[PDB]
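start-v5.cif (mmCIF, C-alpha atoms and all ligand atoms)
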data_data
#
loop_
_atom_site.label_atom_id
_atom_site.label_comp_id
_atom_site.auth_asym_id
_atom_site.auth_seq_id
_atom_site.Cartn_x
_atom_site.Cartn_y
_atom_site.Cartn_z
CA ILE A 1 -1.36 6.37 9.50
CA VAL A 2 -0.86 9.63 11.47
CA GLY A 3 -3.90 11.98 11.78
CA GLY A 4 -6.30 9.39 10.22
CA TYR A 5 -9.52 7.84 11.60
CA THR A 6 -10.74 4.27 12.30
CA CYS A 7 -12.05 2.93 8.99
CA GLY A 8 -14.65 0.66 10.49
CA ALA A 9 -14.40 -3.14 10.10
CA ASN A 10 -14.33 -4.45 6.54
CA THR A 11 -15.02 -1.03 4.92
CA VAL A 12 -11.77 -1.31 2.89
CA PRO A 13 -12.31 -4.86 1.53
CA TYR A 14 -9.23 -4.92 -0.77
CA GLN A 15 -6.80 -4.10 2.10
CA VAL A 16 -4.53 -7.07 3.09
CA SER A 17 -1.98 -7.36 5.97
CA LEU A 18 1.28 -9.06 4.98
CA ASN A 19 2.20 -11.13 8.04
CA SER A 20 5.45 -13.10 8.86
CA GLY A 21 4.46 -13.70 12.54
CA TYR A 22 3.55 -9.93 12.99
CA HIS A 23 2.02 -7.29 10.64
CA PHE A 24 4.92 -5.87 8.61
CA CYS A 25 3.29 -4.35 5.42
CA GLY A 26 0.01 -3.58 3.69
CA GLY A 27 -1.08 -4.79 0.26
CA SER A 28 -4.10 -4.68 -2.13
CA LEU A 29 -6.14 -7.60 -3.47
CA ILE A 30 -6.47 -7.19 -7.30
CA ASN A 31 -8.13 -10.60 -8.16
CA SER A 32 -8.82 -13.76 -6.09
CA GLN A 33 -5.21 -14.98 -6.35
CA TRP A 34 -2.99 -11.94 -6.66
CA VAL A 35 -1.98 -9.12 -4.30
CA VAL A 36 0.06 -5.98 -5.14
CA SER A 37 2.38 -4.49 -2.52
CA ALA A 38 5.66 -2.60 -2.51
CA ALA A 39 9.00 -4.31 -3.46
CA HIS A 40 10.63 -3.13 -0.27
CA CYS A 41 8.03 -5.30 1.62
CA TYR A 42 9.53 -8.45 0.13
CA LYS A 43 10.63 -11.35 2.37
CA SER A 44 9.94 -15.08 2.26
CA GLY A 45 7.49 -16.62 4.77
CA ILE A 46 4.60 -14.28 3.88
CA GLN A 47 1.08 -15.16 4.94
CA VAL A 48 -1.53 -12.82 3.34
CA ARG A 49 -4.33 -11.91 5.68
CA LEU A 50 -7.60 -10.82 4.07
CA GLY A 51 -10.84 -9.56 5.79
CA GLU A 52 -8.86 -8.10 8.68
CA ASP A 53 -9.80 -5.25 10.93
CA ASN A 54 -8.23 -5.91 14.37
CA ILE A 55 -5.01 -7.68 13.36
CA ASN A 56 -4.50 -9.08 16.89
CA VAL A 57 -7.89 -10.82 17.33
CA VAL A 58 -9.64 -13.35 15.01
CA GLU A 59 -13.21 -11.74 14.81
CA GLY A 60 -14.51 -13.55 11.72
CA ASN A 61 -14.22 -12.72 7.94
CA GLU A 62 -10.47 -13.39 7.95
CA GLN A 63 -8.90 -15.62 5.36
CA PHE A 64 -5.16 -16.44 5.94
CA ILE A 65 -3.53 -17.67 2.67
CA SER A 66 0.16 -18.29 2.16
CA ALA A 67 1.96 -16.56 -0.68
CA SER A 68 2.93 -19.10 -3.40
CA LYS A 69 5.48 -16.62 -4.92
CA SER A 70 6.34 -12.93 -4.76
CA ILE A 71 7.52 -11.18 -7.95
CA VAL A 72 9.48 -8.02 -7.21
CA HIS A 73 9.68 -5.70 -10.28
CA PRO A 74 12.98 -6.60 -12.12
CA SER A 75 14.02 -2.93 -12.16
CA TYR A 76 13.34 -2.24 -8.49
CA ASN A 77 16.25 -0.24 -6.98
CA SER A 78 16.40 -0.37 -3.20
CA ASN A 79 18.46 2.81 -2.89
CA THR A 80 16.05 5.10 -4.73
CA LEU A 81 12.97 2.92 -4.30
CA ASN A 82 12.25 3.39 -7.99
CA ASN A 83 9.84 0.65 -9.30
CA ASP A 84 8.79 -0.17 -5.77
CA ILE A 85 6.05 -2.67 -6.66
CA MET A 86 5.65 -6.40 -6.02
CA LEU A 87 2.99 -8.92 -7.01
CA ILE A 88 2.31 -11.88 -4.60
CA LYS A 89 0.46 -14.86 -6.02
CA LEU A 90 -1.64 -16.68 -3.35
CA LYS A 91 -1.37 -20.51 -2.80
CA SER A 92 -5.18 -20.69 -3.13
CA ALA A 93 -7.77 -18.27 -4.36
CA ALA A 94 -9.56 -16.16 -1.75
CA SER A 95 -13.35 -16.41 -1.45
CA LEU A 96 -14.48 -12.92 -2.51
CA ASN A 97 -17.59 -11.62 -0.81
CA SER A 98 -18.53 -8.14 0.46
CA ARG A 99 -15.75 -8.09 3.17
CA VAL A 100 -13.02 -9.38 0.82
CA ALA A 101 -13.08 -7.81 -2.61
CA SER A 102 -10.49 -6.86 -5.22
CA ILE A 103 -9.89 -3.23 -6.28
CA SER A 104 -9.58 -2.30 -9.95
CA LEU A 105 -6.41 -1.15 -11.62
CA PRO A 106 -6.61 2.37 -13.21
CA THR A 107 -7.00 3.01 -16.93
CA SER A 108 -5.43 6.43 -16.56
CA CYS A 109 -3.22 8.09 -14.00
CA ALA A 110 -4.82 10.46 -11.49
CA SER A 111 -4.30 14.21 -11.48
CA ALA A 112 -3.00 16.46 -8.70
CA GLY A 113 -5.86 17.51 -6.44
CA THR A 114 -7.53 14.01 -6.74
CA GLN A 115 -8.60 12.97 -3.17
CA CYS A 116 -7.59 9.39 -2.31
CA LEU A 117 -8.07 7.00 0.60
CA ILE A 118 -4.89 5.59 2.16
CA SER A 119 -5.35 2.91 4.85
CA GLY A 120 -3.11 0.73 6.97
CA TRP A 121 -2.11 -0.52 10.37
CA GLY A 122 1.17 1.50 10.46
CA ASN A 123 2.28 3.92 13.16
CA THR A 124 -0.16 6.63 14.28
CA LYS A 125 2.46 9.01 15.91
CA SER A 126 5.00 11.14 14.03
CA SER A 127 7.37 10.99 17.08
CA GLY A 128 7.48 7.48 18.78
CA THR A 129 5.62 4.27 17.90
CA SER A 130 1.92 3.57 18.58
CA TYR A 131 0.66 0.84 16.30
CA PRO A 132 -3.13 0.41 16.22
CA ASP A 133 -5.11 -2.80 16.37
CA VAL A 134 -7.65 -1.78 13.78
CA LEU A 135 -7.27 -0.36 10.29
CA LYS A 136 -6.85 3.41 10.03
CA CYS A 137 -7.86 5.56 7.08
CA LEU A 138 -6.75 8.92 5.83
CA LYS A 139 -8.21 10.87 2.91
CA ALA A 140 -5.31 12.74 1.23
CA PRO A 141 -4.94 14.58 -2.12
CA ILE A 142 -2.33 13.79 -4.79
CA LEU A 143 0.08 16.80 -4.92
CA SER A 144 1.43 18.54 -8.03
CA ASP A 145 4.76 17.27 -9.34
CA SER A 146 6.33 20.70 -8.77
CA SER A 147 5.51 20.60 -4.99
CA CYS A 148 6.63 16.96 -4.79
CA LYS A 149 9.96 17.69 -6.51
CA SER A 150 10.55 20.87 -4.46
CA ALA A 151 10.01 18.74 -1.28
CA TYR A 152 12.32 15.86 -2.35
CA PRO A 153 14.66 17.48 -4.94
CA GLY A 154 16.44 14.86 -7.04
CA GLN A 155 14.60 11.94 -5.31
CA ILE A 156 11.37 11.67 -7.33
CA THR A 157 11.22 9.56 -10.51
CA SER A 158 8.32 9.40 -12.98
CA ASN A 159 7.11 6.28 -11.11
CA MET A 160 6.41 8.18 -7.94
CA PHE A 161 3.85 10.86 -6.90
CA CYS A 162 3.38 12.72 -3.57
CA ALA A 163 0.05 12.74 -1.71
CA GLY A 164 -0.57 14.38 1.68
CA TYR A 165 -0.48 17.66 3.58
CA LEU A 166 2.54 20.01 3.51
CA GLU A 167 1.48 21.56 6.85
CA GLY A 168 2.19 18.15 8.45
CA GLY A 169 -0.07 16.24 10.90
CA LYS A 170 -1.63 13.65 8.55
CA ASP A 171 0.37 11.08 6.54
CA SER A 172 0.97 7.33 6.18
CA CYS A 173 3.93 6.04 8.23
CA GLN A 174 5.95 2.87 8.95
CA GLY A 175 3.76 -0.31 8.92
CA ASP A 176 1.61 1.25 6.10
CA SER A 177 4.19 0.48 3.34
CA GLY A 178 2.83 -1.66 0.46
CA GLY A 179 -0.72 -0.62 1.03
CA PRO A 180 -3.29 1.10 -1.14
CA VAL A 181 -3.83 4.68 -2.18
CA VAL A 182 -7.33 4.36 -3.85
CA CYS A 183 -8.78 7.26 -5.82
CA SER A 184 -12.23 7.05 -7.35
CA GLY A 185 -12.39 3.27 -6.88
CA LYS A 186 -9.04 2.65 -8.66
CA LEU A 187 -5.70 1.62 -7.16
CA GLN A 188 -3.45 4.62 -8.08
CA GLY A 189 -0.66 4.30 -5.53
CA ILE A 190 1.26 1.96 -3.20
CA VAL A 191 2.58 3.45 0.07
CA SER A 192 6.38 3.62 -0.58
CA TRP A 193 8.36 6.19 1.52
CA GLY A 194 8.56 9.62 3.16
CA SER A 195 11.01 11.57 5.43
CA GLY A 196 9.69 10.83 8.92
CA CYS A 197 5.91 10.89 9.12
CA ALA A 198 3.54 13.84 8.93
CA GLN A 199 6.40 16.34 9.12
CA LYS A 200 5.79 19.72 7.51
CA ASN A 201 6.82 20.05 3.87
CA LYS A 202 7.66 16.26 3.77
CA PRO A 203 4.62 14.58 2.09
CA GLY A 204 4.40 10.77 1.58
CA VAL A 205 5.70 9.39 -1.72
CA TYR A 206 3.81 6.61 -3.51
CA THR A 207 4.44 4.19 -6.35
CA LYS A 208 2.54 5.37 -9.41
CA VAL A 209 0.58 2.19 -10.33
CA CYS A 210 -0.77 3.56 -13.64
CA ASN A 211 2.79 3.13 -15.01
CA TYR A 212 2.69 -0.63 -14.22
CA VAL A 213 -0.70 -1.88 -15.34
CA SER A 214 0.62 -3.62 -18.53
CA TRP A 215 3.54 -5.14 -16.50
CA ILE A 216 0.98 -6.40 -13.90
CA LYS A 217 -1.33 -7.86 -16.55
CA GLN A 218 1.54 -9.42 -18.57
CA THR A 219 3.15 -10.88 -15.44
CA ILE A 220 -0.14 -12.35 -14.06
CA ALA A 221 -0.96 -13.71 -17.51
CA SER A 222 2.33 -15.65 -17.55
CA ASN A 223 2.38 -17.04 -13.89
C1 LIG A 301 12.45 2.84 9.31
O1 LIG A 301 11.99 1.58 8.83
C2 LIG A 301 11.04 1.47 7.83
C3 LIG A 301 10.94 0.26 7.15
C4 LIG A 301 10.02 0.10 6.12
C5 LIG A 301 9.18 1.16 5.77
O2 LIG A 301 8.30 0.99 4.71
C6 LIG A 301 9.27 2.40 6.46
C7 LIG A 301 8.43 3.47 6.10
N1 LIG A 301 8.59 4.74 6.44
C8 LIG A 301 7.55 5.29 5.84
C9 LIG A 301 7.18 6.64 5.83
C10 LIG A 301 6.01 7.01 5.12
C11 LIG A 301 5.56 8.34 5.06
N2 LIG A 301 4.64 8.63 4.16
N3 LIG A 301 6.05 9.27 5.86
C12 LIG A 301 5.25 6.00 4.45
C13 LIG A 301 5.65 4.67 4.48
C14 LIG A 301 6.80 4.37 5.18
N4 LIG A 301 7.38 3.25 5.38
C15 LIG A 301 10.20 2.54 7.49
CA CA A 302 -8.60 -10.02 13.17
#
As structure tokens - that is how I would like this structure written.
Amino acid sequence: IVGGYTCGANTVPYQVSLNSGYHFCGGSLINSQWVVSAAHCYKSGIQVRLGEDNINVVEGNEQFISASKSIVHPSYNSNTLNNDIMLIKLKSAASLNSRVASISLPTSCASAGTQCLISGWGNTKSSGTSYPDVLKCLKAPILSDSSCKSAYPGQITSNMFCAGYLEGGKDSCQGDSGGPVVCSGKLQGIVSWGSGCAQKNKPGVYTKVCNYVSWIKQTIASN
């Protein structure tokens, strides 16, 4: 997260760290046994880490659960990143409390101008790598589709939305992928891609979760 602030331990209780021996992606807890992340975060050997704050120290509140299966969206395209969403089922259910809680799925999509909270342990520099130990937060607004499409002409599908600052300086970055974009208490986006990080006129692009709620519910209902 570039230009963000320290969230504070356990203030984002649905945030998970996808770990394969190091933090590689973010994710969101949607019920005690399922996590939602981005399809480009897929790999086998995924341990889901809940209740985290400093990902390098065990401080208490952490629950490490192995993924029983990951379900990448069948229409995911790794060249365009269209349908960049993945569901991970956990081997065992997490104990939900105040530090580990699920986030609700939206009933409607969000509008441009909606302010959302993006969080993650991804890079904090737009030039070079500085990964933090604790979770960073950034409040960013969803942008209008016309500004999004003028920024990435021909690269935005109806399953993507832009959120961020066109003047540059604040954005999500590498390491943040798969994590949550929460607006008004509802999961509206999944960190997906961007051109560099916090560069002017290059806002972050996110998976538009409101287009997948029936797919998520139908898939969880059958697995
Ligand atoms: C270069 O290697 C990788 C590998 C996986 C990623 O998700 C990313 C990545 N770049 C990203 C850029 C952004 C952004 N909003 N500017 C957000 C997530 C990203 N994730 C980069
Ligand atoms: Ca920790």
Excluding residue 19 of chain A and its own-chain neighbours fewer than 4 positions away, which residues fall within 6 Å of it when counting all atoms listed in the file? Please give them as an MDAnalysis selection string.
chainID A and resid 23:24 46:47
Between A:100, A:86, A:2, A:30, which one has atoms that come closest to residue 49 of chain A, using all atoms listed in the file?
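Under the stated criterion, the closest residue is A:100.
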Could you pull out the residues sitting within 8 Å of ligand CA 302 (chain A), using all atoms listed in the file, and write them as a PyMOL selection string?
chain A and resi 51-60+62
Shell of 12 Å around residue 15 of chain A, all atoms listed in the file, local chain residues under 5 positions omitted, as a PyMOL selection string:
chain A and resi 7+9-10+25-30+35-37+48-53+55+62+99-103+117-121+134-137+176-182+187+190
Considering all atoms listed in the file, give me a table of residues in chain A that are at most 6 Å from ligand LIG 301 (chain A), with the closest atom pair and distance in Å for each, as CSV.
residue,atom,partner,partner_atom,distance
A:171,CA,A:LIG301,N2,5.5
A:172,CA,A:LIG301,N2,4.4
A:173,CA,A:LIG301,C10,3.9
A:174,CA,A:LIG301,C7,3.8
A:176,CA,A:LIG301,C13,5.5
A:177,CA,A:LIG301,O2,4.4
A:191,CA,A:LIG301,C13,5.5
A:192,CA,A:LIG301,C13,5.2
A:193,CA,A:LIG301,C12,4.3
A:194,CA,A:LIG301,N3,3.7
A:195,CA,A:LIG301,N3,5.5
A:196,CA,A:LIG301,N3,5.0
A:197,CA,A:LIG301,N3,3.6
A:204,CA,A:LIG301,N2,3.4
Determine the axis-aligned bounding box of all atoms of segment 208-211 of chain A present in the file, pad each side by 4 Å, and express its centre and edge lengths in Å to one decimal place as AutoDock Vina command-line options.
--center_x 1.0 --center_y 3.8 --center_z -12.2 --size_x 11.6 --size_y 11.2 --size_z 13.6
As a list in words, please: the residues near segment 88-96 of chain A (cut-off 7 Å, all atoms listed in the file, same-chain neighbours under 4 positions excluded).
residues 32, 33, 34, 35, 36, 65, 66, 67, 68, 69, 70, 71, 100 and 101 of chain A
Please compute the atom CA of residue 116 of chain A-atom CA of residue 42 of chain A distance, one decimal, in Å.
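According to the coordinates, atom CA of residue 116 of chain A and atom CA of residue 42 of chain A are separated by 24.8 Å.
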Complete segment 18-37 of chain A at the level of N, CA and C atoms, written as a compact mmCIF listing (two decimals), in the frame of the given file.
# COMPACT_ATOMS: atom_id res chain seq x y z
N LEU A 18 0.24 -8.11 5.41
CA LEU A 18 1.28 -9.06 4.98
C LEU A 18 1.79 -9.38 6.38
N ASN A 19 1.76 -10.64 6.71
CA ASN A 19 2.20 -11.13 8.04
C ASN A 19 3.30 -12.19 8.01
N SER A 20 4.32 -12.08 8.81
CA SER A 20 5.45 -13.10 8.86
C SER A 20 5.55 -13.33 10.39
N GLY A 21 4.45 -13.50 11.07
CA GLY A 21 4.46 -13.70 12.54
C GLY A 21 4.14 -12.33 13.22
N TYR A 22 3.88 -11.28 12.48
CA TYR A 22 3.55 -9.93 12.99
C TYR A 22 3.18 -9.14 11.74
N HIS A 23 2.41 -8.09 11.85
CA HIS A 23 2.02 -7.29 10.64
C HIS A 23 3.27 -6.53 10.21
N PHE A 24 3.70 -6.64 9.01
CA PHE A 24 4.92 -5.87 8.61
C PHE A 24 4.56 -4.95 7.42
N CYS A 25 3.62 -5.25 6.54
CA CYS A 25 3.29 -4.35 5.42
C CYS A 25 1.85 -4.49 5.00
N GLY A 26 1.39 -3.57 4.19
CA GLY A 26 0.01 -3.58 3.69
C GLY A 26 0.06 -4.11 2.27
N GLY A 27 -1.05 -4.27 1.66
CA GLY A 27 -1.08 -4.79 0.26
C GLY A 27 -2.54 -4.61 -0.29
N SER A 28 -2.76 -4.84 -1.55
CA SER A 28 -4.10 -4.68 -2.13
C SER A 28 -4.47 -5.89 -2.92
N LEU A 29 -5.64 -6.40 -2.73
CA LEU A 29 -6.14 -7.60 -3.47
C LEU A 29 -6.56 -7.16 -4.88
N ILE A 30 -6.02 -7.66 -5.96
CA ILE A 30 -6.47 -7.19 -7.30
C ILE A 30 -7.24 -8.32 -7.97
N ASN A 31 -7.30 -9.54 -7.50
CA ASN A 31 -8.13 -10.60 -8.16
C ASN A 31 -8.16 -11.69 -7.11
N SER A 32 -8.86 -12.78 -7.22
CA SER A 32 -8.82 -13.76 -6.09
C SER A 32 -7.48 -14.43 -5.83
N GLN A 33 -6.49 -14.31 -6.67
CA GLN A 33 -5.21 -14.98 -6.35
C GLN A 33 -4.05 -14.04 -6.41
N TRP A 34 -4.20 -12.77 -6.63
CA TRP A 34 -2.99 -11.94 -6.66
C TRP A 34 -3.10 -10.71 -5.80
N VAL A 35 -2.03 -10.32 -5.17
CA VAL A 35 -1.98 -9.12 -4.30
C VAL A 35 -0.88 -8.20 -4.83
N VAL A 36 -0.99 -6.92 -4.67
CA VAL A 36 0.06 -5.98 -5.14
C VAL A 36 0.55 -5.29 -3.85
N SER A 37 1.82 -5.13 -3.71
CA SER A 37 2.38 -4.49 -2.52
C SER A 37 3.63 -3.77 -3.02
